[PDB]
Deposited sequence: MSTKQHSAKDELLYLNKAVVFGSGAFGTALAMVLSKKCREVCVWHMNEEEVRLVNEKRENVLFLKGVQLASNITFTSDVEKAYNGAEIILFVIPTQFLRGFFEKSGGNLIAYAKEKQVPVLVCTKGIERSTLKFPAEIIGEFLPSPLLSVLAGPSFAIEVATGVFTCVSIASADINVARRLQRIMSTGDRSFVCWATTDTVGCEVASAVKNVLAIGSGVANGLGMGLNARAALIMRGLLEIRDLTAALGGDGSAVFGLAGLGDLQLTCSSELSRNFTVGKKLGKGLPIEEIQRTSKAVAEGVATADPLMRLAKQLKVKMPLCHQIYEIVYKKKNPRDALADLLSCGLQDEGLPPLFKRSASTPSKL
């Protein structure tokens, strides 16, 4: 259906930039919107300042958005639940505080939208998979696409995709997340796996995009990294069982191109410094998603016997003090090859 759906309440667990940006999106489709944060003193500050000075400074929060550190109040009445908690804290949240919320979720059959992105070190599992350990798959959906928080929060034209096993589940969410002014447009897909893989790998590849820059290469080089790196996301997706229909969609191609062209992103800057020779230790100072993700990505790929050329070299440069230039050469040592893309039309 091409007609939207408005709700009375919507809860968003994750008080960071993206979660807040999404609260902003929701403020225009939901009568009430609570954003769960943990530090109570902070929850107050924000509500006072009418601004998430913590993770989204400069953005005036809508009035119908309320921050609360009380999970119970937070989810109570919500007709849609969003999870934008960093991957590393996700599991802990459910073990320590998801008790009742999970009950409520199952009870009222509330639709859950996974917005977190990454890989859990301990299990090498993705967000929606982790949450899936507590909440049934049928209720789970994934939101992925080129969506810089700031642009989304301030209402600047953005397109993302909603992935769910049941396309109809994705479409319902599609009608809930899409805004009245068409400033936030959603596209439905079933490729949950592809979306999750892409959301994670993109950060690693972003670092390579930065490496390429600090290494003196230009835009041609970047377009090639983006195009070649996309096959790596494709192959890892295939290995994990995903149908891959999202790989060349907004979740993959889209977000990938965005994330890799973001010259100010921590991923890019970190990679740039590496490209210029600065050791990872020296850099540090606030870790880049790509850096955190690189190790487990490598372990998952290895475990699945999936070859990710670019991602691997990026892992070496980061975790094994490999010279960016040597990495680049090793990468190109493969010799002349075919593009390696199947035809789409017979």
{"item": "In sequence order, the deposited-sequence ranges that have no modelled C-alpha atom", "value": "1-8, 294-296, 358-366"}
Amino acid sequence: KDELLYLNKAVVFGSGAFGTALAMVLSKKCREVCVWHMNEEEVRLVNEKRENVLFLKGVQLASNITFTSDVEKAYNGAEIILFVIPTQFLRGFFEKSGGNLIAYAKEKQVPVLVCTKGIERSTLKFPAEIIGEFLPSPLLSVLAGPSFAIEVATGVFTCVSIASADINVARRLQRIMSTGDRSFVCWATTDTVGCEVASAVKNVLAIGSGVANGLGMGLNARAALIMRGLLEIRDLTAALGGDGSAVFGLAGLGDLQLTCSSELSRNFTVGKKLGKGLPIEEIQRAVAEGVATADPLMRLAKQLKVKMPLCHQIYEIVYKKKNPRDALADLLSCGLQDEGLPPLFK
From here on, numbers count along this sequence of modelled residues.
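Take the two forms, find the largest set of C-alpha atoms that superpose within 1.5 Å, and that set is the rigid core.
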item: Positional deviation of Cα atoms in 6 other deposited structures of this protein after core superposition, greater for 92-100 or 264-272; value: 264-272
item: Segment of greater CA departure in 6 other deposited structures of this protein, 273-281 or 41-49, core superposed; value: 273-281
item: Which of 152-160 and 67-75 has higher mean CA B factor, as the PDB entry lists it; value: 67-75
item: Residue range whose averaged C-alpha B-factor is higher in the record, 102-110 or 204-212; value: 102-110
item: Top residue by Cα temperature factor, when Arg171, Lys276, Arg228, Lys125 are compared in the entry; value: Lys276
item: Criterion, highest CA B-factor; candidates, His312, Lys321, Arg299, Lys28; value: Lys321
item: Chain-relative CA temperature factor third for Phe94; value: highest
item: For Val46, the third of its chain into which the C-alpha B factor falls; value: highest
item: Where the record places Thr179 (Cα B-factor, split into thirds across the chain); value: lowest
item: Position of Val185 among the chain's modelled residues by C-alpha B-factor, lowest, middle or highest third; value: lowest
item: Modelled-residue ranking by C-alpha temperature factor, third containing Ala10; value: middle
